[PDB]
Amino acid sequence: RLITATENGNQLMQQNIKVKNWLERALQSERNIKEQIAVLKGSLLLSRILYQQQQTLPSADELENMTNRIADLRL
Amino acid sequence: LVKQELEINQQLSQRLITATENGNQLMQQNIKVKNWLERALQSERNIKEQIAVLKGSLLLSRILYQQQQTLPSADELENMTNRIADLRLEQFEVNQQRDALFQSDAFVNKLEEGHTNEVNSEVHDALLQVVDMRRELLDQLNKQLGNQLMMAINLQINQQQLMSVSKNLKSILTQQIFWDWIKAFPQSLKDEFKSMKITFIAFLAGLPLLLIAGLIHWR
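Residue numbers (this note's numbering), protein chains in the order written: chain A, 1 to 75; chain B, 1001 to 1219.
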């Protein structure tokens, strides 16, 4: 059980590191998009930039809910 | 596999070299723009001081004309929004590639799938070395792209500030301007004549105007 818990904790740490990197990238992209919208409002390239940002935005639907895992770990 | 990896590495190196050259050019342009903005700010301060001190003087008009002539033209400064967007997209793509290549062993195993008949220990070692080299090149390219994007943002901000300062100075000069002789006149006319210079959508605009004119003629 301890070995399984250690493996699960390592996997959770890797997932948390990936999620933190994704969140930092998303925050940077949001700041860049806000700056671009404030600076180049009314420009044709603004639509292309927004489309590229939306395409590059990650999908959170692949992130499963961690409430059940947290409850099981607490128990 | 090895040839494809080598070609990808060569393309990445060429892209990194091009990005470095573009970043150097952008840094030079940003330095020039910063120098121009500092000169414009100094000239604006001097013009304001001269207007406040020597108001109503004949030499004030000549000083304002000289300042306007020496003022740089911002029309030669192209918009950097598209370049900034392209740099941001390239940086995002490089970051995504680096993240996908973070697990070098997993990437090598995935690439070796479907080619086990041409995979050996030496082949795997060469693939791992090529993956490491590609990851290093991608990291260097991402750093260069970030530096170039920062330089482009700084240059765009400096250009916007310089354009605003130039517009304010032009408005101030126009407001100030608003607020023997025979020989000089022929000489001025000759100088003006010698220094004289000449600088789809239009068809569509003309067509509606022609239709309006035809309708008016009919009515």
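No residue lacks a Cβ here, since even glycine has one placed at the ideal position from N, Cα and C.
Hey, how far is the Cα of residue i from the Cα of residue j?
i	j	result
residue 3 of chain A	residue 1021 of chain B	52 Å
residue 1217 of chain B	residue 1179 of chain B	48 Å
residue 47 of chain A	residue 1082 of chain B	11 Å
residue 1169 of chain B	residue 1057 of chain B	19 Å
residue 1093 of chain B	residue 1133 of chain B	17 Å
residue 1214 of chain B	residue 40 of chain A	41 Å
residue 1080 of chain B	residue 13 of chain A	40 Å
residue 1204 of chain B	residue 1197 of chain B	30 Å
residue 1005 of chain B	residue 52 of chain A	27 Å
residue 1105 of chain B	residue 1077 of chain B	48 Å
residue 1176 of chain B	residue 34 of chain A	39 Å
residue 1209 of chain B	residue 1199 of chain B	26 Å
residue 37 of chain A	residue 1086 of chain B	15 Å
residue 1115 of chain B	residue 1010 of chain B	23 Å
residue 1162 of chain B	residue 1195 of chain B	28 Å
residue 1124 of chain B	residue 1038 of chain B	57 Å
Within a Cβ cutoff of 8 Å, which residues of the same chain sit near residue i, ignoring the five residues on either side of it in sequence?
i	result
residue 74 of chain A	none
residue 1091 of chain B	1142, 1145, 1146 and 1149
residue 1013 of chain B	1137
residue 18 of chain A	none
residue 1151 of chain B	1023, 1026, 1027 and 1030
residue 1127 of chain B	1001, 1002, 1005, 1108, 1111 and 1112
Span of the alpha helix (DSSP H) holding residue i?
i	result
residue 1001 of chain B	Taken as a continuous stretch (DSSP letters only), residue 1001 of chain B belongs to no alpha helix (DSSP H), as it is neither H nor E.
residue 9 of chain A	2-39
residue 1093 of chain B	1081-1100
residue 1217 of chain B	1201-1218
residue 1119 of chain B	From DSSP, residue 1119 of chain B is part of no alpha helix (DSSP H); its letter is neither H nor E.
residue 1104 of chain B	1104-1112
residue 1198 of chain B	Counting along the chain, residue 1198 of chain B falls outside any alpha helix (DSSP H), and DSSP gives it neither H nor E.
residue 1179 of chain B	No alpha helix (DSSP H) contains residue 1179 of chain B, which DSSP labels as neither H nor E.
residue 146 of chain A	Any question about residue 146 of chain A goes unanswered here, given that chain A covers just 1 to 75.
For residue i, which residues in the same chain have their Cβ closer than 7 Å to its Cβ, ignoring the five residues on either side in sequence?
i	result
residue 1140 of chain B	1016
residue 22 of chain A	58
residue 1119 of chain B	1112
residue 1153 of chain B	1084
residue 1095 of chain B	1142
Using a Cβ-Cβ distance under 8 Å, would residue i count as near chain D?
i	result
residue 1107 of chain B	The displayed structure is made up of protein chains A and B, and chain D is not among them.
Looking only at its chain, what residues have a beta carbon closer than 6 Å to the beta carbon of residue i, apart from the 5 residues adjacent to it on each side?
i	result
residue 1173 of chain B	1064 and 1068
residue 1130 of chain B	1005
At least 3 beta-carbon pairs within less than 8 Å: the segment 1097-1109 of chain B vs the segment 1154-1164 of chain B: no
Would you check if there are 3 or more beta carbon pairs closer than 8 Å linking the segment 50-67 of chain A to the segment 22-33 of chain A? yes
Does the contact criterion of 3 or more C-beta pairs under 8 Å hold for the segment 1187-1194 of chain B versus the segment 1049-1065 of chain B? no
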